[PDB]
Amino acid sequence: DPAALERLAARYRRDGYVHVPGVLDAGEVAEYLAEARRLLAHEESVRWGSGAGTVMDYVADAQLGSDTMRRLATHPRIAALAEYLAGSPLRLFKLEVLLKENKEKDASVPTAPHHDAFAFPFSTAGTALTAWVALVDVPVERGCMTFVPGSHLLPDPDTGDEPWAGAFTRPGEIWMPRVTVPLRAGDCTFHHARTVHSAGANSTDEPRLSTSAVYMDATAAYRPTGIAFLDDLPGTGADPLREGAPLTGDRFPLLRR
């Protein structure tokens, strides 16, 4: 529906995020859920974490190892929505498989508020957009996200040292309302790179399973952040990438054809 799709982009532009129910059908959920699990048991995961505990375990660049995940990253419907909201043609940068759970030593902790934007190592990071797809029910207590509507319109935070930092540092920012967005399996959220957002801890004995896909402007180019683990991109060849190099080909596939 054209008119409906436009109401959606209005919401995205106003708020810097939007919630889309049922972006995947039931079977598609089961398909992608089963594959997420498999990757989390077989592949190597990365602990995003601290002495407080595990923020999450995740599988980096998961679309490279797995055709299945590549299909989800490039799912026709998610892609079409992504391009419409973004306003221009896009490419996939990365897809990650995400896990919040409670282990015996290692309790699950929240995802602190943050600002994804200049932690993306590409020229157009400022206007990037991220799709987050629930593969299981994610009510509040299981660690759904919270977004600050409007926050994508604020000036960026002081370019200090950690490219994700600066959430809740701008004048009047702490007085803005916040929206907590529980999701049903197969639901997704889109959010703008500059939108401030956070997530709860998983305080339930059932794991929180989701994918997060970062889409980027089709003409984007490499822009090191300085943080080595953000800058070092697998499946790009032997030597590292020089600044200003274009991100293209199957490695960073176009969304539309």
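Quick note: we count residues from 1 along the sequence shown, nothing fancier.
The mean C-alpha temperature factor is higher for 104-112 when 104-112 and 79-87 are set side by side. In this crystal structure, the stretch out of 18-26 and 232-240 whose C-alpha atoms carry the higher mean B factor is 232-240. Ranking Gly126, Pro163, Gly186, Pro182 by the C-alpha B-factor listed in the PDB entry places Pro163 at the top. Note on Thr146, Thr74, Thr130, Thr159: the highest value goes to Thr159, judged by CA B factor as recorded. Ranked by Cα temperature factor within the chain, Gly172 sits in the highest third according to the deposited record. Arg37 sits in the middle third of its chain by CA B factor, as recorded in the PDB entry. Sort the chain's modelled residues by C-alpha temperature factor and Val55 lands in the middle third, per the entry. The entry lists a Cα temperature factor for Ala218 that places it in the middle third of the chain's modelled residues.
Among the modelled residues of the chain, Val196 sits in the lowest third by CA temperature factor in this PDB entry.
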